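Okay, so here's the structure we're looking at.
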Amino acid sequence: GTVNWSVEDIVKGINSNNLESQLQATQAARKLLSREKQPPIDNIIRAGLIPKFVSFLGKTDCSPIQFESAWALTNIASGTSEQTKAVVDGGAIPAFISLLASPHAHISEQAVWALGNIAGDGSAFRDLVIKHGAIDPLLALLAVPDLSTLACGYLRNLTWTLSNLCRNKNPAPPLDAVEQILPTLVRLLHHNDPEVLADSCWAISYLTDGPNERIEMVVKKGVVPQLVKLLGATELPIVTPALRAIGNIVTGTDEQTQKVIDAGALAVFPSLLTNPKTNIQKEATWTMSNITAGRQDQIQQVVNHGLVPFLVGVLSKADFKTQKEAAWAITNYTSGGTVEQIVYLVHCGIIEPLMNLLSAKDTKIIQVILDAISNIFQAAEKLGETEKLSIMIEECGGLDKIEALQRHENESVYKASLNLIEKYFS
Amino acid sequence: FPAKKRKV
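This is the structure in structure tokens:
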């Protein structure tokens, strides 16, 4: 029927003076644009069809052509920035926003989807969608007593589009738009659908990827406990964004980090730091590194939860990127920790894996490790035990690696190496 | 992951 039309037949139907012929041709275009492989988006654009589709969005009297054109334009907008731009340049934004209030749920949903692609292109189209007034009607679609009465796919599409209104930086979304969206986001974060939860967590992770004021906007809404709970979820698509959001939050102030600790987050890190998914391990170790950069009482919470042995484990064996994050966590720990906490660190076995990582080619991890060693030696000086630590390093082959690093081409590297040798190995 | 989705 409307299957496998040529673009020229589509054009001929759309240019007819017959609304029903236009509808059939538009459905044919929709079917071309929704096929598995290589939708002919550029051919459709070049045929000049976008303004026709946009005009069809306004035909309240023929809801089927509204739907077909909305779907066609959705899929054009799903392509490259230039293809999305063609949709925007056709005037689609206000027309889709007008369709959000449609009495036909499938049409409103299609408009939600299209606005999600447009806003998802980037900060500029995101903010232009916002300026056209999309947030109010989008949120009105979610103003129901119980989200469970909404169709599952409908709610997932709304959540994803809102997450695109929260996404991207340079600039980040307008502060007032974030404040407007956040309560609905908090509500979606307690919904029981795994995809809604995943995308709500992604939105929160975007909103916390910024300066402390943005983090504070999120933390003030009281979502950290729910984020920790979701951090313990079994579905990896939920754990990943929840953990990203938590890590972002602990890049903030020590009080914000403390809200992560108070919510129980550390109790999850034995599993996270041994998680079989490499990216979970990496992100959890980065999170830890930004917790050990905090206050001594927070370092002490890391100690109490038994997480130093897990950091020793990741330093001993993990993907190299995770090992680099672990080195960072250790240097932060040693820079901020009390003497007793650093002693504890040594008693957990940090020295040998720390030394074994000095044979790595990455310059920055070498610097990080040498810093950590210096800090530990400083604690040993305060205890008068530099000799015992020197013996430790010598027995595991670390002295050979440092003395070798004296010949390292990097400046700060061979400087710190020389200082360690002449100061503690003479 | 990509921000856009095509309806298939």
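As given, the protein sequences belong to chains B and A, one line each in that order.
No gaps in the numbering here: position 374 of the first sequence is 445 in the authors' numbering, and each next residue is one more.
No gaps in the numbering here: position 5 of the second sequence is 129 in the authors' numbering, and each next residue is one more.
Beta carbons: idealized from backbone N, C-alpha and C, even for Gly.
*Which of the three DSSP states, helix, strand or coil, is assigned to B/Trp76?*
Looking at B/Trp76 - three-state DSSP - the assignment turns out to be coil, as it is neither helix nor strand.
*Closer than 7 angstroms by C-beta to B/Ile85: which residues in its own chain qualify, once you throw out the five before and the five after it? Chain order, please.*
The residues are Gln93, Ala96, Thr97, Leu120, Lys123.
*Pair every Cβ in the stretch 396–414 of chain B with every Cβ in the stretch 356–365 of chain B, then say whether three or more of these pairs are closer than 8 angstroms.*
Yes, the stretch 396–414 of chain B touches the stretch 356–365 of chain B.
_For the alpha helix (DSSP H) containing B/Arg285, name the first residue and the last one._
From DSSP, the alpha helix (DSSP H) with B/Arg285 extends over 283–291.
*Could you tell me whether any Cβ in chain A is nearer than 9 angstroms to the Cβ of B/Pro110?*
Yes, B/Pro110 counts as interfacial toward chain A.
*Check whether the stretch 166–179 of chain B touches the stretch 477–488 of chain B, counting contact only when three or more Cβ pairs, one atom from each stretch, lie closer than 8 angstroms.*
Touching, no, given that fewer than three Cβ pairs across the two stretches are closer than 8 angstroms.
*Following the continuous alpha helix (DSSP H) through B/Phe496, name the residue where it begins and the one where it ends.*
Unbroken run through B/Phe496: none, as it is neither H nor E.
*Are the C-beta atoms of B/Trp231 and some chain A residue less than 9 angstroms apart?*
So yes, B/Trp231 belongs to the interface.
*Exposure label - B/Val74; buried when at least 16 CB within 10 Å*: Here B/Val74 is exposed. Its C-beta has fewer than 16 other C-beta atoms within 10 Å.
*Does any C-beta atom of chain A lie closer than 9 angstroms to the C-beta of residue 510 of chain B?*
With chain B running from 72 to 497 in the structure shown, residue 510 of chain B is simply not present.
*Can you name, in chain order, every residue of its own chain whose Cβ lies under 8 angstroms from the Cβ of B/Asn239, other than the five neighbours on each side?*
The residues are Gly193, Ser194, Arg197, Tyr277.
*Would you say B/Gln181 faces chain A, with C-beta separation under 9 angstroms as the test?*
Chain A, which has a Cβ nearer than 9 angstroms to the Cβ of B/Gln181, makes this yes.
*Just the Cα atoms here: how many angstroms apart are B/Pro424 and B/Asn241?*
If I take the Cα positions, the gap works out to 39 angstroms.
*If we ignore side chains and look at the alpha-carbon of each, how far apart do B/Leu429 and B/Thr405 end up?*
Those two C-alpha atoms are separated by around 17 angstroms.
_Mapping the DSSP letters down to three states, classify B/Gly384 as helix, strand or coil._
In the structure shown, B/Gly384 sits in a helix (DSSP, three-state: H, G or I).
*Through-space distance from B/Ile351 to B/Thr311, alpha-carbon basis*: In this structure, the CA atom of B/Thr311 is about 7 angstroms from the CA atom of B/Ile351.
*Mind checking if B/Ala148 is an interface residue toward chain A, Cβ cutoff 9 angstroms exclusive?*
Interface residue (Cβ-Cβ distance to chain A less than 9 angstroms): B/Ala148 is classified as such.
*Compute the distance between the beta-carbons of B/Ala148 and B/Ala100, then report whether it is under 9 angstroms.*
Result no, Cβ atoms of B/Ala148 and B/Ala100 do not sit closer than 9 angstroms.
*Tell me the start and end of each unbroken beta strand (DSSP E) in the stretch 316–344 of chain B that is at least 3 residues and wholly inside, in chain order.*
Within the stretch 316–344 of chain B, no complete beta strand (DSSP E) run reaches 3 residues.
*When DSSP labels each residue in this structure, what does B/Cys237 get in the three-state scheme?*
Here B/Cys237 sits in helix by DSSP.
*Taking only runs of the beta strand (DSSP E) that begin and end inside the stretch 189–237 of chain B, which ones reach a length of at least 3 residues, in chain order?*
Counting whole runs of 3 or more residues, the stretch 189–237 of chain B contains no beta strand (DSSP E) stretch at all.
_Simplified DSSP assignment, three categories, for B/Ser173_ = DSSP places B/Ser173 outside both helix and strand once states are collapsed to three, so it counts as coil.
*Between B/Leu104 and chain A, is there a C-beta pair that is closer than 9 angstroms?*
So, interface residue.
_Buried or exposed by the 16-neighbour rule on C-beta atoms within 10 Å, applied to B/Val215_ = So B/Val215 counts as exposed.
*Straight-line CA distance for B/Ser234 to B/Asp280?*
Going by the C-alpha atoms only, they are around 13 angstroms apart.
*Do you know offhand how far B/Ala397's Cα is from B/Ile437's?*
Between B/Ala397 and B/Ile437, the C-alpha separation is close to 13 angstroms.
*asked:* Counting only beta-carbon separations shorter than 9 angstroms, does B/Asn188 have a partner in chain A?
replied: So yes, B/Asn188 belongs to the interface.
*B/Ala243 by DSSP, collapsed to three states: which one?*
It is coil, neither helix nor strand.
*Go ahead and pull the three-state DSSP assignment for B/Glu480.*
In this structure, B/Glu480 counts as coil in the three-state DSSP scheme.
*Using a Cβ cut-off of 8 angstroms, pull out every chain A residue sitting near B/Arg238, in sequence order please.*
Ordered by position in chain A, the residues that pass the 8 angstroms Cβ test against B/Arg238 are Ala127.
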